[PDB]
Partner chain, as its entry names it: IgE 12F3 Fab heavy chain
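The data below hold one chain only, encoded as C-alpha cells and taken in the form solved without the partner chain.
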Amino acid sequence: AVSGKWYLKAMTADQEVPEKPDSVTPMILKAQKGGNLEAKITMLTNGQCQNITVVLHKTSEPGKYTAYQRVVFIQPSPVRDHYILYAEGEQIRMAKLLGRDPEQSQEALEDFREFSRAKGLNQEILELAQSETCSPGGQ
C-alpha cells in the first residue's frame, strides 16, 4: 500500500532530462484489483500542463512494476513518510522522492541523495515547486 496522495518532491537522473517540470500537482496512487497501481499527476512545463495517467502493472518480483519503455521500482525511505521511486527505461535511469507531506525535509533529501549516488545517478537533484493545481498560461 503505497496508495493515496503523495508529493513528488525530488527527481534525479543518470542523464540530462531537458523536460524539466516547472511545478507539479500531487501524485495520486489508486490501487486497483489485481494489485495494479494508477498514477495521476499534472506537471507544468513551459506554460502548459501535462496531465499524466500511468498504470503500473504488477509483476512477479514484489515491489516492481512496468509502465510506458520503463520499469518502475517502489520502496520505502528510512525517513518518516517518504517513498523512493527508481525507474529504468527509455535510456534513462531516474529516481524520485515522494513524501506524504509537502514541507521540505533535509533528512529525506539527504537519504535520497545517498540512495541515488549509490546507483550512478550523479546529475542534479531538482526539488520541485509544488501547487495543488496547474494552470496553463492563457487559461
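Residue numbers count along the first chain shown, from 1.
Coordinates are absent for 1 to 3 residues of the deposited sequence placed between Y68 and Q69. Relative to one another, 31 to 39 and 96 to 104 have unequal mean CA B-factors, and 31 to 39 is the one with the higher figure.
Across the two stretches, 126 to 134 and 9 to 17, the PDB entry reports the greater mean Cα temperature factor for 9 to 17. Annotation for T59: CA B-factor lies in the highest third of the chain's modelled residues. Compared with the other modelled residues of the chain, the Cα B-factor recorded for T45 ranks in the middle third.
Compared with the other modelled residues of the chain, the Cα B-factor recorded for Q75 ranks in the highest third.
Among the modelled residues of the chain, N51 sits in the lowest third by CA temperature factor in this PDB entry.
If you look for the form deposited with the partner chain bound, you will not find it shown, but the lines that follow are about it.
Only one of the listed residues (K58, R70, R113, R93) places a non-hydrogen atom within 4.5 angstroms of the partner chain in the deposited bound form, and that residue is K58. Within 4.5 Å of some heavy atom of the partner chain in the deposited bound form lies at least one heavy atom of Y83. Mapping the unseen interface onto this chain, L29 counts among the residues with a heavy atom inside 4.5 Å of the partner chain in the deposited bound form. Proximity of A108 to the partner chain in the deposited bound form falls outside the 4.5 Å heavy atom cutoff. For the marked spot (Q15, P21 and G89), a heavy atom within 4.5 Å of the partner chain in the deposited bound form is absent from each of the three residues.
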